[PDB]
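S.K.: This is the structure I have questions about; it appears just below.
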Number of protein chains: 2
Amino acid sequence: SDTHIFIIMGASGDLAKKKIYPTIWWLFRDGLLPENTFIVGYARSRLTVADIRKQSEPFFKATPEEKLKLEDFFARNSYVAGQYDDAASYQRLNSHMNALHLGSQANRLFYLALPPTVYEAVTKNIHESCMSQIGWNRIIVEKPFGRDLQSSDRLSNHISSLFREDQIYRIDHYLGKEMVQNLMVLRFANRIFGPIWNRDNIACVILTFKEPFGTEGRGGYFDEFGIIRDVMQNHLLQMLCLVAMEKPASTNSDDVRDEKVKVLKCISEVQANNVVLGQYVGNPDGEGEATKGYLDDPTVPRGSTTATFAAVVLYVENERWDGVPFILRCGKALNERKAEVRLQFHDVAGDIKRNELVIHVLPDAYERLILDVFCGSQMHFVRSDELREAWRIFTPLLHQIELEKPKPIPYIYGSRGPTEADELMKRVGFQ
Amino acid sequence: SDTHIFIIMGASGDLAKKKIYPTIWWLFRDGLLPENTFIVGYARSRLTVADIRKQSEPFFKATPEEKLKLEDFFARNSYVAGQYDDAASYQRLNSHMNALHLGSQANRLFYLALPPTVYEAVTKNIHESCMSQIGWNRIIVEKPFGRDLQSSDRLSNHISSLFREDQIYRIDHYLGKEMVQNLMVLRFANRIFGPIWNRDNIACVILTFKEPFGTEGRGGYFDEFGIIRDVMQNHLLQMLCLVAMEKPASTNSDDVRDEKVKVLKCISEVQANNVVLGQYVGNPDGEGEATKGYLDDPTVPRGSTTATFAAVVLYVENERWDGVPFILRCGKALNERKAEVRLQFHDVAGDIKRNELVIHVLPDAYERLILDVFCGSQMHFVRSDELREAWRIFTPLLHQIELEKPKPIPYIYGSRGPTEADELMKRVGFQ
Ligand SMILES: NC(=O)c1ccc[n+]([C@@H]2O[C@H](COP(=O)([O-])OP(=O)(O)OC[C@H]3O[C@@H](n4cnc5c(N)ncnc54)[C@H](OP(=O)(O)O)[C@@H]3O)[C@@H](O)[C@H]2O)c1
Ligand SMILES: NC(=O)c1ccc[n+]([C@@H]2O[C@H](COP(=O)([O-])OP(=O)(O)OC[C@H]3O[C@@H](n4cnc5c(N)ncnc54)[C@H](OP(=O)(O)O)[C@@H]3O)[C@@H](O)[C@H]2O)c1
């Protein structure tokens, strides 16, 4: 219909204060949210809308000329305090939403801006209390979607034991503002160069994610996950799918996601001989944060073998791609800020250097993602089976890394990474 | 066999002194010429090898460590003086070549480093005097290959009335050192993206040749030809062919040139409504040669309407390409030194900006060209029918330009050119 209720489960938190509230404010300001939209925060800390405004408006980039729409925005805001497993608190939340103007009939969008540890409880109570009877119900869940196949399956089975898949929105938006554009142009490239992309023309494909900055005083959070879970398993794998997929049945989100899952179901589990791990150390001659290494970060626990750079070779195993190596190379604190997809060709030149086709890169990625959840297009959101296949591919390697704790290869801040990664590339065929 | 005689008809001249002798010296120095190679200059001016050495070795980049191979090179050099229509002088040349070590059996390569005005006479006498009886005979003819369809046909029929087509080498090497590489990568791109390049995926193709420098005190020679004859009619048209051509029967020079001619035979004669002409004027705020315009060049005759920039729309007319506009945009004194081929796609994006595939760019072009004439690969040399078709396409427009003398559009030194050219691009569909 026309009435929407934006619930922010965990509004007192960092993501809600620094990102969620500013982005929904920007969408409302630019007239992109539906006209009859309400925003409701929910957490345990006893707050008022004035407190959330006080702590969040610094991030709003509020100018003196848009203060009227800002007052309207905060007039459409409310806050309800309660526990995350207290049935009475969810009853109070449900009644408060039912009290809003034509709130009964309204579509409800729940942003689970909460540590995943509590998701279980929340997804239960929301199911039995706060769901809508008429309007649709959509849940936005956040990283981490587990850390291995077992945890991710238990969490995904719990969530997909209460809400249908067309109600679950797994959002990933921390790798830049051009992520959605990355995936869009890669899908367009697959639709265009479909007939050319075979094992006959291509000898090797690469997917690169370089960032020239380190952890920057926040390596503590990165340490618990690693560069494989942060970049490769979710993003680089999704665009590998987008590259290697067949022509979808249509332009429905579900058909192209079916093709992505069909691609994932052909990638066998990666093993350590096809993997090079690296950790960045301080540059002695550079200046600034380049002088500090990974272990020199105050937040990083000492003795951490966590890889901040990974080069991994995968193989799609069907008739279209066989023996064609997909080299996923990503790493923090490198030489450039580059996200590219290069496909090297079988040369045939008769002559009496290898050629490659390269793919580089109004609303930002996160803004477009929220607006997509509003429209209901699950295009840029990973599905349950897609996530399960990705975790299946990368979880034996990850279990080995956790058990044996292999020391990563040291590479210098600003370098391209270990030379052993380039050796691994040479092994399967490259430049 | 193993013995080669490099005749330089017109060795006293500018091209021979500044380019031909240095490049054959570089080939001999790098061991690329056949071991039993002799070089023979021929002109009317009474010279000795010492004189040619005196006037040409400045351009040799001679270092003190290669002086021995340089002495050997000039030992393999000789010079014969005589007129260009004197039968006795050609008899003396033929006898002198027959006197060289096993010169009778030797392959003979004639470089017609002469004004085309005399080619006729030369090609006659060489035919009846200096050709070899055993070894092959190959002629290198130079620009201009006529200035319109009639002159080019009379010259080409005269030359192809004495030497078979596998003996005629029309060389064009003045547009940079990467021309051969341009054509090679474009042929590879056609062989790869063959199935994609249809009227169904592509809405517009462009071929760009920008140069940031003006005429530089030598606009007098450029005035007699124009930017259409200098860049478009020969080079941009050849790479248009390379883009739009079908899959050749093989990798023989003649099969791919057959495909290029088949492409040319489908381009009807261009008319002035699809053409934008421009002339560059001095930049008032820039410095250096940018302060001087085209007419401010001392060599340029005043009142010259000669276009130094051209934007021309052509159309291949078959089933693979129909209504697909090929926009050939070239010009001196522009913003960049760019040579690109961009193909814009029919977007289909459903959504609740147009994409394009872009193609940019050991021996230099001219060096590789001479070495090709030695090997005998007529790949990067225009054929008689190819040249005739190009002249047919561009000669009615050129005749109109000569008759009516239309004033070109003034554009500033360093600019991208006339805005009317971009209007013409918009008319048929672009960005
Ligand atoms: N790159 C990434 O993977 C990435 C980056 C940023 C955020 N995230 C995800 O985004 C979500 C938002 O987290 P955040 O970083 O913005 O802030 P947060 O402090 O983790 O959580 C926000 C709210 O969660 C509640 N909370 C926190 N720990 C809790 C616990 N142990 N038990 C019960 N309630 C608890 C608190 O609400 P009250 O005390 O007011 O009740 C807090 O204000 C998380 O799930 C996080 O994983 C992921
Ligand atoms: N971008 C271009 O299109 C371009 C650029 C450079 C060169 N070229 C071509 O390259 C060729 C070489 O010419 P060049 O510029 O290097 O020098 P050139 O001075 O034009 O010719 C070299 C020799 O030609 C003879 N010659 C010149 N004019 C003559 C005439 N009217 N009658 C008889 N003999 C004559 C002279 O030999 P002697 O007096 O010793 O007998 C002279 O030393 C030309 O055909 C020119 O078109 C084209």
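Lettering and numbering for the structure tokens are positional, with chains as A, B, ... in the shown order, residues counted from 1 in each chain, and ligands counted from 1 in the shown order.
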Excluding residue 61 of chain A and any residue of its chain fewer than 3 positions from it, enumerate the residues within 12 Å of it, using only C-alpha atoms, and give them as a ChimeraX atom specification.
M.R.: /A:18-19,21-23,25-26,29,56-58,64-67,70
S.K.: For C-alpha atoms, I'd like the residues from the last selection saved as a PDB file, in the first residue's frame.
M.R.:
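Dumped everything to again-v3.pdb:
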```pdb
ATOM      1  CA  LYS A  18      26.435   6.517  12.346  1.00  0.00           C
ATOM      2  CA  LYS A  19      24.865   4.990   9.224  1.00  0.00           C
ATOM      3  CA  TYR A  21      19.649   6.984  10.689  1.00  0.00           C
ATOM      4  CA  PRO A  22      21.717   9.271   8.389  1.00  0.00           C
ATOM      5  CA  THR A  23      20.928   7.190   5.298  1.00  0.00           C
ATOM      6  CA  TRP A  25      17.302  10.712   6.650  1.00  0.00           C
ATOM      7  CA  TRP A  26      18.974  11.249   3.273  1.00  0.00           C
ATOM      8  CA  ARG A  29      15.102  14.295   2.429  1.00  0.00           C
ATOM      9  CA  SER A  56      23.115  11.143  15.466  1.00  0.00           C
ATOM     10  CA  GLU A  57      22.475  14.516  13.790  1.00  0.00           C
ATOM     11  CA  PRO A  58      26.251  15.279  13.681  1.00  0.00           C
ATOM     12  CA  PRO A  64      20.322  25.341   7.785  1.00  0.00           C
ATOM     13  CA  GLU A  65      18.070  25.327   4.687  1.00  0.00           C
ATOM     14  CA  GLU A  66      16.678  21.785   5.108  1.00  0.00           C
ATOM     15  CA  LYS A  67      15.777  22.176   8.801  1.00  0.00           C
ATOM     16  CA  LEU A  70      14.474  17.559   9.246  1.00  0.00           C
TER      17      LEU A  70
END
```
S.K.: What are the residues of chain B that have an atom within 12 Å of an atom of chain A, counting only C-alpha atoms, as an NGL selection string?
M.R.: :B and (181 or 184-189 or 191-198 or 200-202 or 250-253 or 344-362 or 368 or 371-372 or 374-377 or 379)
S.K.: Using only C-alpha atoms, please write the residues we just selected to a file, as a PDB file, in the first residue's frame.
M.R.:
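Wrote selection_7.pdb, looks like this:
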```pdb
ATOM      1  CA  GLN B 181      50.264  -2.774 -33.286  1.00  0.00           C
ATOM      2  CA  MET B 184      47.246  -6.277 -35.061  1.00  0.00           C
ATOM      3  CA  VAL B 185      45.216  -5.795 -31.887  1.00  0.00           C
ATOM      4  CA  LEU B 186      42.177  -4.762 -33.932  1.00  0.00           C
ATOM      5  CA  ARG B 187      42.405  -7.943 -36.011  1.00  0.00           C
ATOM      6  CA  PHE B 188      42.722  -9.989 -32.815  1.00  0.00           C
ATOM      7  CA  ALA B 189      39.695  -8.162 -31.398  1.00  0.00           C
ATOM      8  CA  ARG B 191      38.710 -12.637 -34.256  1.00  0.00           C
ATOM      9  CA  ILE B 192      37.694 -12.749 -30.578  1.00  0.00           C
ATOM     10  CA  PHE B 193      34.531 -10.599 -30.453  1.00  0.00           C
ATOM     11  CA  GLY B 194      33.340 -11.754 -33.886  1.00  0.00           C
ATOM     12  CA  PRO B 195      30.023 -13.247 -32.748  1.00  0.00           C
ATOM     13  CA  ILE B 196      29.219 -10.295 -30.471  1.00  0.00           C
ATOM     14  CA  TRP B 197      29.868  -7.565 -33.068  1.00  0.00           C
ATOM     15  CA  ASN B 198      26.463  -7.329 -34.754  1.00  0.00           C
ATOM     16  CA  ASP B 200      21.930  -6.255 -32.372  1.00  0.00           C
ATOM     17  CA  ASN B 201      24.416  -5.471 -29.593  1.00  0.00           C
ATOM     18  CA  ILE B 202      26.149  -2.361 -30.999  1.00  0.00           C
ATOM     19  CA  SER B 250      42.534 -18.294 -43.058  1.00  0.00           C
ATOM     20  CA  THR B 251      45.483 -16.277 -41.743  1.00  0.00           C
ATOM     21  CA  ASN B 252      46.832 -15.512 -45.219  1.00  0.00           C
ATOM     22  CA  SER B 253      47.361 -11.831 -45.965  1.00  0.00           C
ATOM     23  CA  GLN B 344      28.605   1.525 -27.689  1.00  0.00           C
ATOM     24  CA  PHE B 345      26.018  -1.124 -26.828  1.00  0.00           C
ATOM     25  CA  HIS B 346      22.246  -1.309 -26.954  1.00  0.00           C
ATOM     26  CA  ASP B 347      21.307  -1.103 -23.294  1.00  0.00           C
ATOM     27  CA  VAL B 348      18.376  -3.238 -22.137  1.00  0.00           C
ATOM     28  CA  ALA B 349      18.599  -2.534 -18.365  1.00  0.00           C
ATOM     29  CA  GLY B 350      15.293  -2.799 -16.556  1.00  0.00           C
ATOM     30  CA  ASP B 351      15.349  -0.628 -13.469  1.00  0.00           C
ATOM     31  CA  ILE B 352      12.705   0.377 -10.929  1.00  0.00           C
ATOM     32  CA  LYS B 353      24.111   5.235 -18.611  1.00  0.00           C
ATOM     33  CA  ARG B 354      25.181   3.481 -21.806  1.00  0.00           C
ATOM     34  CA  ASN B 355      28.041   0.969 -21.660  1.00  0.00           C
ATOM     35  CA  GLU B 356      30.795   0.585 -24.238  1.00  0.00           C
ATOM     36  CA  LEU B 357      33.672  -1.761 -25.029  1.00  0.00           C
ATOM     37  CA  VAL B 358      36.888   0.170 -25.605  1.00  0.00           C
ATOM     38  CA  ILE B 359      40.062  -0.856 -27.454  1.00  0.00           C
ATOM     39  CA  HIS B 360      43.199   1.258 -26.905  1.00  0.00           C
ATOM     40  CA  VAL B 361      46.873   0.849 -27.790  1.00  0.00           C
ATOM     41  CA  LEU B 362      59.799  -4.787 -30.094  1.00  0.00           C
ATOM     42  CA  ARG B 368      58.379  -4.002 -38.761  1.00  0.00           C
ATOM     43  CA  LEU B 371      61.027  -6.448 -42.237  1.00  0.00           C
ATOM     44  CA  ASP B 372      57.593  -7.536 -43.495  1.00  0.00           C
ATOM     45  CA  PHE B 374      61.565  -8.645 -46.600  1.00  0.00           C
ATOM     46  CA  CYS B 375      59.578 -11.651 -45.350  1.00  0.00           C
ATOM     47  CA  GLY B 376      56.879 -10.976 -47.939  1.00  0.00           C
ATOM     48  CA  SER B 377      53.802 -10.641 -45.699  1.00  0.00           C
ATOM     49  CA  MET B 379      49.322  -7.991 -44.149  1.00  0.00           C
TER      50      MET B 379
END
```
S.K.: Given the choices B:127, B:338, B:92, B:147, which gets closest to ligand 2 if the distance is worked out from only C-alpha atoms and all ligand atoms?
M.R.: B:147
S.K.: Can you tell me, as a list in words, what residues are no more than 9 Å from residue 291 of chain A when counting only C-alpha atoms, ignoring any on the same chain fewer than 3 positions away?
M.R.: residues 281, 282, 283, 284, 285, 286, 287, 288 and 413 of chain A
S.K.: Within 6 Å of ligand 2, counting only C-alpha atoms and all ligand atoms: which residues, as an MDAnalysis selection string?
M.R.: chainID B and resid 10 12:16 43:45 113:116 142:144 174
S.K.: Hey, which of B:150, B:264, B:381, B:163 ends up closest to residue 183 of chain B? Count only C-alpha atoms.
M.R.: B:381
S.K.: Return as a PyMOL selection string the full set of residues in segment 134-286 of chain B whose backbone-based DSSP assignment is alpha helix (DSSP H).
M.R.: chain B and resi 149-159+179-192+219-223+227+237-244+253-264
S.K.: Can you spit out the residues from that selection as a compact mmCIF listing (two decimals), in the first residue's frame, using N, CA and C atoms?
M.R.:
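Below is the file out24.txt, written as the result:
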```txt
# COMPACT_ATOMS: atom_id res chain seq x y z
N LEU B 149 40.10 9.52 -56.80
CA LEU B 149 39.90 8.21 -57.41
C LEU B 149 40.56 8.13 -58.78
N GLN B 150 40.50 9.21 -59.56
CA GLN B 150 41.01 9.16 -60.93
C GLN B 150 42.53 9.07 -60.97
N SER B 151 43.21 9.95 -60.23
CA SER B 151 44.67 9.92 -60.21
C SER B 151 45.18 8.61 -59.62
N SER B 152 44.57 8.17 -58.52
CA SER B 152 44.99 6.92 -57.89
C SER B 152 44.75 5.73 -58.81
N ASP B 153 43.64 5.72 -59.55
CA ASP B 153 43.42 4.64 -60.50
C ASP B 153 44.43 4.67 -61.64
N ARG B 154 44.76 5.85 -62.17
CA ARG B 154 45.73 5.86 -63.26
C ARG B 154 47.10 5.40 -62.77
N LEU B 155 47.52 5.84 -61.57
CA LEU B 155 48.81 5.42 -61.04
C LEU B 155 48.81 3.93 -60.70
N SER B 156 47.75 3.45 -60.05
CA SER B 156 47.68 2.05 -59.66
C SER B 156 47.57 1.13 -60.86
N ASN B 157 46.85 1.55 -61.91
CA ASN B 157 46.78 0.76 -63.12
C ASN B 157 48.12 0.74 -63.85
N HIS B 158 48.86 1.86 -63.82
CA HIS B 158 50.18 1.85 -64.43
C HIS B 158 51.12 0.91 -63.68
N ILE B 159 51.13 0.98 -62.34
CA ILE B 159 52.03 0.13 -61.58
C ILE B 159 51.60 -1.33 -61.67
N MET B 179 51.41 1.90 -35.22
CA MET B 179 50.37 1.66 -36.23
C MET B 179 50.17 0.16 -36.46
N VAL B 180 51.26 -0.56 -36.70
CA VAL B 180 51.18 -2.00 -36.90
C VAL B 180 50.53 -2.66 -35.69
N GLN B 181 50.86 -2.21 -34.49
CA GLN B 181 50.26 -2.77 -33.29
C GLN B 181 48.77 -2.46 -33.21
N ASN B 182 48.38 -1.25 -33.60
CA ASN B 182 46.97 -0.91 -33.74
C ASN B 182 46.24 -1.94 -34.58
N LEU B 183 46.73 -2.16 -35.81
CA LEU B 183 46.04 -3.06 -36.72
C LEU B 183 46.05 -4.50 -36.21
N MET B 184 47.16 -4.92 -35.58
CA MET B 184 47.25 -6.28 -35.06
C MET B 184 46.22 -6.51 -33.96
N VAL B 185 46.15 -5.60 -32.99
CA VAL B 185 45.22 -5.79 -31.89
C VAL B 185 43.78 -5.66 -32.37
N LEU B 186 43.54 -4.85 -33.41
CA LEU B 186 42.18 -4.76 -33.93
C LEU B 186 41.77 -6.04 -34.66
N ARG B 187 42.70 -6.66 -35.39
CA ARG B 187 42.40 -7.94 -36.01
C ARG B 187 42.14 -9.01 -34.96
N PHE B 188 42.95 -9.03 -33.90
CA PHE B 188 42.72 -9.99 -32.81
C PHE B 188 41.37 -9.75 -32.15
N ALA B 189 40.99 -8.48 -32.00
CA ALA B 189 39.70 -8.16 -31.40
C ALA B 189 38.55 -8.61 -32.29
N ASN B 190 38.70 -8.48 -33.61
CA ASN B 190 37.67 -8.99 -34.51
C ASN B 190 37.58 -10.51 -34.44
N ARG B 191 38.73 -11.18 -34.33
CA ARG B 191 38.71 -12.64 -34.26
C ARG B 191 38.10 -13.12 -32.94
N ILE B 192 38.25 -12.35 -31.87
CA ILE B 192 37.69 -12.75 -30.58
C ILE B 192 36.21 -12.40 -30.49
N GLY B 219 53.02 23.15 -42.07
CA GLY B 219 51.68 23.09 -42.62
C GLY B 219 51.62 23.22 -44.12
N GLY B 220 52.70 23.66 -44.77
CA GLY B 220 52.69 23.79 -46.21
C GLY B 220 52.47 22.46 -46.91
N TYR B 221 53.13 21.40 -46.44
CA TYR B 221 52.93 20.09 -47.04
C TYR B 221 51.56 19.53 -46.69
N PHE B 222 51.10 19.76 -45.46
CA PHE B 222 49.79 19.26 -45.05
C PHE B 222 48.67 19.94 -45.82
N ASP B 223 48.88 21.19 -46.26
CA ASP B 223 47.83 21.94 -46.93
C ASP B 223 47.41 21.29 -48.24
N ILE B 227 43.26 16.74 -43.72
CA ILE B 227 43.16 15.76 -42.64
C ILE B 227 42.40 14.51 -43.08
N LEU B 237 40.10 4.21 -41.96
CA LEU B 237 39.28 3.35 -42.80
C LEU B 237 39.76 1.90 -42.75
N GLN B 238 41.08 1.70 -42.74
CA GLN B 238 41.62 0.35 -42.62
C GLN B 238 41.18 -0.31 -41.32
N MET B 239 41.22 0.43 -40.21
CA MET B 239 40.79 -0.17 -38.96
C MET B 239 39.28 -0.27 -38.83
N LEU B 240 38.51 0.59 -39.51
CA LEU B 240 37.08 0.33 -39.66
C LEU B 240 36.86 -1.03 -40.32
N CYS B 241 37.58 -1.29 -41.41
CA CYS B 241 37.52 -2.59 -42.06
C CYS B 241 37.84 -3.70 -41.07
N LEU B 242 38.95 -3.55 -40.34
CA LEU B 242 39.36 -4.56 -39.37
C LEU B 242 38.29 -4.80 -38.31
N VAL B 243 37.52 -3.77 -37.97
CA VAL B 243 36.47 -3.93 -36.97
C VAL B 243 35.26 -4.66 -37.55
N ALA B 244 34.81 -4.24 -38.73
CA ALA B 244 33.55 -4.71 -39.28
C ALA B 244 33.67 -5.97 -40.12
N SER B 253 47.55 -13.26 -45.76
CA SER B 253 47.36 -11.83 -45.96
C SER B 253 46.23 -11.57 -46.95
N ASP B 254 46.13 -12.40 -47.99
CA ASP B 254 45.17 -12.14 -49.05
C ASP B 254 43.74 -12.41 -48.61
N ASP B 255 43.52 -13.37 -47.71
CA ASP B 255 42.15 -13.65 -47.26
C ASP B 255 41.61 -12.53 -46.38
N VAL B 256 42.41 -12.07 -45.42
CA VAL B 256 41.98 -10.96 -44.57
C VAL B 256 41.86 -9.67 -45.37
N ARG B 257 42.72 -9.47 -46.38
CA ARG B 257 42.54 -8.30 -47.24
C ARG B 257 41.29 -8.44 -48.12
N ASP B 258 40.94 -9.66 -48.52
CA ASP B 258 39.67 -9.88 -49.20
C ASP B 258 38.50 -9.49 -48.31
N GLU B 259 38.57 -9.84 -47.03
CA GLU B 259 37.51 -9.44 -46.11
C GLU B 259 37.45 -7.92 -45.95
N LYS B 260 38.61 -7.27 -45.85
CA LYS B 260 38.63 -5.81 -45.76
C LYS B 260 38.00 -5.17 -47.00
N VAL B 261 38.30 -5.70 -48.19
CA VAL B 261 37.73 -5.16 -49.41
C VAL B 261 36.23 -5.43 -49.48
N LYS B 262 35.80 -6.60 -48.99
CA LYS B 262 34.37 -6.89 -48.93
C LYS B 262 33.65 -5.89 -48.02
N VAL B 263 34.31 -5.48 -46.94
CA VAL B 263 33.74 -4.45 -46.08
C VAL B 263 33.66 -3.12 -46.82
N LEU B 264 34.75 -2.75 -47.51
CA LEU B 264 34.77 -1.46 -48.21
C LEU B 264 33.71 -1.39 -49.30
```
S.K.: One decimal, Å: what's the distance from atom CA of residue 231 of chain B over to atom CA of residue 209 of chain B, could you say?
M.R.: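 Separation of atom CA of residue 231 of chain B and atom CA of residue 209 of chain B: 7.8 Å.
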